[PDB]
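Here is how names work: the chains are called A, B, and so on, in the same order as the sequence lines, proteins then strands, and each is numbered from 1.
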Protein chains: 2
Amino acid sequence: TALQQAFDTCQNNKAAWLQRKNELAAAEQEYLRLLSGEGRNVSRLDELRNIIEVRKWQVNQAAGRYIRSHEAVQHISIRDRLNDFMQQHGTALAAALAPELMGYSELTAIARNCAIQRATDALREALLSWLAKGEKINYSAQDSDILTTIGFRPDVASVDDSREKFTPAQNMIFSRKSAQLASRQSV
Amino acid sequence: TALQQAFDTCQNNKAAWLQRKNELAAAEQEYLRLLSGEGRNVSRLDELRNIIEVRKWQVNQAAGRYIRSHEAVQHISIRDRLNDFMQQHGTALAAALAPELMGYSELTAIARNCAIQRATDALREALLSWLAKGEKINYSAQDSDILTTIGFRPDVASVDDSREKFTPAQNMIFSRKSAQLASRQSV
Ligand SMILES: [Hg+2]
Ligand SMILES: [Hg+2]
């Protein structure tokens with residue numbers, strides 16, 4: 001399913017994000033070791049300084065991509081579970097909304113928009129009243145394992161990491177440097 | 001119930017509106033009979049001209065009041081039937097919306113607004129997809145007799161009748177003249 005793929009991608013993206021944070025930390029650590037020593041490796045320091053800049057960008061990109069993949073999983077589940085819900089109870093729901101919705105398949109564009117907006121306001125009010133009961137809400141059983149596994153929201157750390165904005169021109173430079181970093185043989 | 005009262009009021013208001021339209025027509029008819037005759041009852045004509053102006057205002061007011069009472073019946077039924085719906089299926093609906101709604105009773109004001117808006121967008125999308133099936137929508141069985149009796153929408157005649165706007169100052173004058181018209185003994 002699309003949901004399963006979306007979950008595999010989210011899990012992959014979260015790992016990539018944490019991997020980048022590890023790599024950055026490893027570079028920061030080597031840099032600091034050199035700053036703390038007696039030597040003065042001008043070129044190694046300069047190269048590490050460049051690497052650190054690249055890793056920060058990678059952390060930022062990975063964090064954003066992870067957040068979007070996380071939201072994608074939830075978005076797909078909601079859509080799909082709501083479709084199943086309407087399959088079971090659409091008739092009763094529409095019937096309750098009949099004074100707004102009856103004759104929908106015959107309405108003009110302008111009429112359909114009004115009808116949907118008003119039906120939507122009524123639904124919102126009903127949802128709000130039900131929510132006020134304070135009943136605890138669990139995930140749909142069908143998607144509970146996946147939704148539980150991914151967590152309710154991405155950690156704020158990923159939001160902090162992706163806050164910085166990079167232009168397309170910057171992404172061009174950094175994506176080039178990333179590829180260069182990826183083909184480096186350590187020696 | 002509030003719905004039963006609202007229906008009694010709608011039925012009353014529709015009758016009042018048609019009654020006013022009859023009264024106006026009766027005055028217009030007497031006026032025309034006089035215009036078509038040989039006589040020249042200056043004062044009766046002038047009084048009829050005044051009466052006709054008052055009846056037009058009454059038709060306008062009654063029409064508006066009828067439309068609002070009709071919408072009130074539908075508004076109450078939708079609210080009530082949706083409440084019953086949530087009573088039966090709220091848990092499943094909320095569960096399907098869990099990635100948006102879970103933890104709602106704990107959210108800040110800003111968070112609650114976002115959560116409701118997003119849950120509401122998802123609902124709208126689900127409703128739209130279900131509607132695209134083109135299944136015919138009937139009234140909830142509980143309110144079907146009342147909703148059928150009142151009709152889906154007020155006749156456009158009532159919209160035409162209430163289109164004209166009257167200021168509070170005009171309503172003051174006309175409401176006075178209406179009362180005067182009501183205490184007239186015909187002679
Ligand atoms: Hg994930
Ligand atoms: Hg009515």
Side-chain angles (χ1 to χ4, degrees), chain A residues 70-71 73-75 77-106 112 115-144 147 150 152-153, chain B residues 70-71 73-75 77-106 112 115-144 147 150 152-153:
Chain A
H70 187 280
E71 289 168 354
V73 178
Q74 298 181 321
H75 173 81
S77 176
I78 288 170
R79 182 196 71 201
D80 292 345
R81 301 298 96 235
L82 282 178
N83 284 333
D84 288 352
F85 181 90
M86 294 301 296
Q87 185 61 34
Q88 293 301 135
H89 311 301
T91 303
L93 185 49
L97 286 160
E100 294 300 352
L101 293 184
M102 191 184 183
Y104 189 82
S105 70
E106 305 271 60
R112 278 183 298 128
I116 294 300
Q117 183 63 52
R118 288 192 288 268
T120 286
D121 293 349
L123 275 168
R124 188 186 94 104
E125 289 302 322
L127 183 49
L128 286 172
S129 299
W130 180 87
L131 280 170
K133 286 168 160 41
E135 180 176 313
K136 290 181 189 171
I137 298 167
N138 294 297
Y139 296 122
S140 301
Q142 184 175 337
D143 296 342
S144 192
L147 295 171
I150 70 166
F152 188 63
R153 292 290 186 271
Chain B
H70 187 280
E71 289 168 354
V73 178
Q74 298 181 321
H75 173 81
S77 176
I78 288 170
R79 182 196 71 201
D80 292 345
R81 301 298 96 235
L82 282 178
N83 284 333
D84 288 352
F85 181 90
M86 294 301 296
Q87 185 61 34
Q88 293 301 135
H89 311 301
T91 303
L93 185 49
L97 286 160
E100 294 300 352
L101 293 184
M102 191 184 183
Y104 189 82
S105 70
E106 305 271 60
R112 278 183 298 128
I116 294 300
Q117 183 63 52
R118 288 192 288 268
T120 286
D121 293 349
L123 275 168
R124 188 186 94 104
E125 289 302 322
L127 183 49
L128 286 172
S129 299
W130 180 87
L131 280 170
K133 286 168 160 41
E135 180 176 313
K136 290 181 189 171
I137 298 167
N138 294 297
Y139 296 122
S140 301
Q142 184 175 337
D143 296 342
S144 192
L147 295 171
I150 70 166
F152 188 63
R153 292 290 186 271

Q: Need one label for A:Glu135: side chain, backbone, both or neither, based on atoms under 4.5 Å from any heavy atom in chain B.
A: side chain
Q: Which one of A:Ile116, A:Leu123, A:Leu147 has the most heavy-atom pairs closer than 4.5 Å to chain B?
A: A:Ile116
Q: Nearest heavy-atom pair of A:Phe85 and B:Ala92: which atoms, and what distance?
A: CE1-CB, 3.8 Å
Q: Chain A: which of B:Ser105, B:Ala94, B:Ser77 shares the most heavy-atom pairs with it under 4.5 Å?
A: B:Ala94
Q: Would you mind checking which part of B:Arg112 comes under 4.5 Å of any heavy atom in chain A, side chain (CB onward), backbone (N, CA, C, O), both or neither?
A: neither
Q: Measuring from atom CG of B:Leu101 to atom CD1 of A:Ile78, what distance do you get when rounded to the nearest 0.5 angstrom?
A: 8.0 Å
Q: With only heavy atoms counted, which part of A:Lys136 is less than 4.5 Å from chain B, the side chain, the backbone, both or neither?
A: neither
Q: Does a side-chain heavy-atom distance below 4.5 Å link B:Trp130 with A:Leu82?
A: no
Q: When only pairs under 4.5 Å are counted, which of A:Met102, A:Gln74, A:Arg118 shares the most heavy-atom pairs with chain B?
A: A:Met102
Q: I'd like to know which of B:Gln87, B:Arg153, B:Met86 tops the heavy-atom pair count under 4.5 Å against chain A.
A: B:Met86
Q: Let me know if A:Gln88 has heavy atoms under 4.5 Å from chain B in its side chain, its backbone, both or neither.
A: neither
Q: Can you tell me which portion of B:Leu131 sits under 4.5 Å from chain A's heavy atoms? Options are side chain, backbone, both or neither.
A: side chain
Q: For residues B:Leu97 and A:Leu127, determine if any side-chain heavy atom of one lies less than 4.5 Å from a side-chain heavy atom of the other.
A: yes
Q: Between chain B and each of A:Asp143, A:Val73, A:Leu128, A:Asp84, count heavy-atom pairs under 4.5 Å; write down the option with the most.
A: A:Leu128
Q: Does any backbone or side-chain atom of B:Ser144 lie under 4.5 Å from a heavy atom of chain A? Answer side chain, backbone, both or neither.
A: neither
Q: What closest approach, in Å, do A:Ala98 and B:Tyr139 show between heavy atoms, and which atom pair accounts for it?
A: CB-CD2, 3.6 Å
Q: Look only at the side chain of B:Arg124 and the backbone of A:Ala119, and say whether a donor-acceptor pair between them is shorter than 3.5 Å.
A: no
Q: I'd like to know which of A:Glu100, A:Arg79, A:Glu125, A:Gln117 tops the heavy-atom pair count under 4.5 Å against chain B.
A: A:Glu100
